[PDB]
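Beneath this line is the structure, given in C-alpha cells, with notes to follow.
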Amino acid sequence: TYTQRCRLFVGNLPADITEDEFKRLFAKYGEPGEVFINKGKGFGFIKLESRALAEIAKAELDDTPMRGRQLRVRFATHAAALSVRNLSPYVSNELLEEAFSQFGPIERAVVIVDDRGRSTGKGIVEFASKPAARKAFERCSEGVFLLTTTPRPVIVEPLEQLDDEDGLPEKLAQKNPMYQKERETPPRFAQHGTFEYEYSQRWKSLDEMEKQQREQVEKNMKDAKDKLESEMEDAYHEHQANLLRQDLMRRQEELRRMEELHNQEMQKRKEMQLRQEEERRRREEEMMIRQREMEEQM
Amino acid sequence: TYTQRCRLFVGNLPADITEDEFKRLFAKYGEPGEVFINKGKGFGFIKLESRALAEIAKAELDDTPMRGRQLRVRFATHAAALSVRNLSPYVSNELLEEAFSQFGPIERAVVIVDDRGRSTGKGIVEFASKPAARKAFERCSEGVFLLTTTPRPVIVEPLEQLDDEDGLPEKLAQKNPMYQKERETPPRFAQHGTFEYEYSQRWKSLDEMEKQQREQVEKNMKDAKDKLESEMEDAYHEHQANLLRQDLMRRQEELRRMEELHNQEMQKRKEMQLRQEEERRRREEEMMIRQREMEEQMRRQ
C-alpha cells in the first residue's frame, strides 16, 4: 500500500500554503502518507493508500478553487520504475520480484503478457526508493544478472513513461508565431499533381523504406543472437545427455557382469545334476557286475 | 459514462456461456450497457457506469472459479487505437481530435509531450468504432491526409495494446517439463571467469551491436528525410519568386503597352498638325499663283 502508483501531484497552489492546510484537502479520502510541498514554486506531492483513492482524489479536487488559484491535481510519475527485457517465457511476476528484491524493496514487479496469454520477454520493475533502482541499474549494466537455469541475461533499462492525461492543448499551444503560418490551412486530404502532393508521396515512401530498413536490422540481429541462444540451448543439452549416457553405460556393466558371474552358478549347478544322473547308472552297473560274479559264486 | 475506458475485457470462458447467462453476472452492477457475446473464441466488451465503478467490477470478478477456467477480467485494452507519428510541433490535442473525427467518432485524443512540455511529433487517437479506424488507415493506404500548411504527412500506425496490469502469476502458470526445470536454479549473479558470465557478456555485446545498428539507422534515415525538406522548401522559395516574376513581367509589359500606344497617339498628335501646316501653307501658295496668273493674263488683253 501507499505505493508510488498512488502518489499524486498538486499544481497551482497559493504561495501562502502550509503543510497541514495541504494534507486537509485529501483527508476526506483516507489517510495521508508521504508529503512534499514546495510553497515557493507552488507544487506539492501526496502519497495515498491505494490507486483507487488516488482516482477519487483527482476526480473531485482538480480545478477546485483555493484562494483565487484553480488547483491542478495530477498523477505523479513513478521515478523508481525500470524496464527489464531478455526474459524467459517461464519467468513470472513473483520470480522477478524475488530476483530484484536483493537491490532494494519492490513495490510492484510485472511481466508484460500479450492479449492471448503468452509472455513478451519484457518486464516492469518498480522500486520503493529511487537509489535502489540506480543501484540495480549500475549492477546489471556493468555486471551480469540472471534468473533461470539457462544463462539468458537480463538487460535493465530506464522506463520511458508516456503521457496520456496532459498532452498539449490549444490553450497553452498557440503561444508561437509560426503557429499562424502553420495553422492557417485546416486539415484536409491532398490533391494530385500539387507541389505539396510530391512531398506527401516522396517522404511517405522514405518512411516505408525506413520501417523496412529498421525491421531489416531487427531480424538481422534476431538470428545472430539466436545463434548463441540455440548454440547453448542445443549443444549444452548434449553435456547433460553425455553425463546421462555415461551413467547408462555404468548401470549396464553392473547388470552385464551379474548375468556373467552369477549366471555360471546356475550353469555349474546343472553339472552336479548331470553328475548325479551319471552316478545312479554307474551304481546299477556295479550291482550288475557284482551279480554276474554272484551267479558264478553259486 | 459507458465509455471505452469504463469497458472490461473477458476471457477464458467455457462452452456453456449464452446471451442470458452473461447478462446475469452484469445484472448486479447497476444496468448492463453494450451486450455482444461471441460463441467461437469466447470474448467481448461491455460498457460500465463509471471508471471508478469499473475498477471494483475488475478486481472482484478476476481469478474467480467458474466451471473450470478462471475468469480473466483485466483492464480491457482499448481496441481500434491508432498511434500517429511525424506530427508538426504546431498540432494540438483539440486540433488532432477534430482532424480524425472526419472518419468516425473520437473517444480520446492526446499529443505526446516531452520532459519540457513541448511536442514530440507523435500522438494517440482513440476510435469509438472498428470500421471507422479501418477506413482511417485505408485513406492513408491509397492516398494521404494532411493537417497543417507544411506538407508533413501524418503517418498513422496501429497501436499495440499489451496487458501490463495482470501479468503472468504462478497461481495460473501452466505446467510443462521445462517450467519446473528452469525454476530449480534461484536468481543469481554471474561470477568473473565463469562460462555463464562469458556467454551472457558476449550476448550483451550483440545487444550493444543491435543498439549501434539502430541508432545509426535512425540518424542516417533522418538526414535523408532532412535533405528532402530542403529539396522542396528551398525549391518553393525560388518558385514563389518565379511565379511572382511571371505577374511582375505581366505588370511590366502592361506599362510597355500603355506607353507604346501613348507614343503612337503622341506620334499621331504631331502627324495631324504636320499635315495641317502642309495644307494651310499650300492654300497660301494656291491663292498666290491664281492671283499672279490672272495678272499676266490681264496684262495681255
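Expressed as a rounded percentage, what relative contact order does chain B have, with Cα pairs under 8 Å and six or more residues apart?
Relative contact order, chain B: 12 percent.
If you build a Gaussian network model of chain A, linking Cα atoms that sit under 10 Å apart, which residue out of A:97, A:286, A:210 swings the most?
Highest fluctuation among the options: A:286.
Which one, A:201, A:161, A:240, has the greatest fluctuation when you compute a Gaussian network model over chain A with C-alpha springs under 10 angstrom?
Result for chain A, Cα springs under 10 Å: A:201 fluctuates most.
Which of the chymotrypsin sites (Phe, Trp or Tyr not before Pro) across the stretch B:39-98 are loop residues per DSSP, with 16 or fewer other Cβ within 10 Å? Spell out each step's value before the answer.
Values: sites: B:43, B:45, B:75, B:90; in loops: B:43, B:90.
Sparse-neighbourhood loop chymotrypsin sites (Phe, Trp or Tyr not before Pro): B:43.
The stretch A:174-298: percent of C-alpha pairs farther apart than 18 Å?
Looking at the stretch A:174-298, the distances longer than 18 Å represent 83 percent of pairs.
Tell me which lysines have Cα within less than 17 Å of residue B:268's Cα, excluding those fewer than 8 residues away on the same chain?
Of all the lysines, none pass the test against residue B:268 - Cα under 17 Å, at least 8 places apart if same chain.
I'd like the distance separating the alpha-carbon centroids of the stretch B:243-297 and the stretch B:153-174, in whole Å.
A separation of 93 Å, based on Cα centres.
Along each principal axis of its Cα atoms, how long is chain B end to end? Whole angstroms, biggest number first, please.
Cα spread of chain B along its principal axes, largest to smallest: 162, 64, 36 Å.
Just flag the trypsin sites (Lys or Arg not before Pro) in the stretch B:22-97 sitting in loop per DSSP whose Cβ has no more than 14 other Cβ atoms within 10 Å.
Sparse-neighbourhood loop trypsin sites (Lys or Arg not before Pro): B:28, B:39, B:41, B:67, B:69.
Can you list the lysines whose alpha carbon sits under 24 Å from that of residue B:41, skipping same-chain ones fewer than 8 residues off?
Straight-line reach from residue B:41, under 24 Å: B:23, B:58, B:130, B:171, B:175.
Taking every residue in B:91-103, how many Cβ atoms of other protein chains lie within 10 Å of its Cβ, on average?
Working: counts 5, 10, 7, 6, 8, 3, 1, 2, 3, 1, 1, 3, 0.
Going residue by residue through B:91-103 and averaging, the value is 4.
Between B:168, B:53, B:261, find the one with the highest GNM mean-square fluctuation for chain B; connect C-alpha pairs within less than 10 Å.
B:261
With runs of 4+ DSSP H residues as the only contributors, calculate the mean residue ellipticity of chain A at 222 nm using -39,500 (n - 2.57) per run, divided by the residue total and rounded to the nearest 500.
Details: 8 runs with 145 residues, N = 298.
It lands at -16500 deg cm²/dmol.
With an 8 Å cut-off on Cα pairs and a minimum separation of 6 or more residues, tell me the relative contact order of the stretch A:73-199 in percent.
Result for the stretch A:73-199 is 26 percent.
Please note: Cβ atoms are built from the backbone with ideal geometry, for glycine as well, and neighbour counts cover all protein chains shown. Computed from the coordinates by the stated procedures, all read-outs in this text should not be read as laboratory data.
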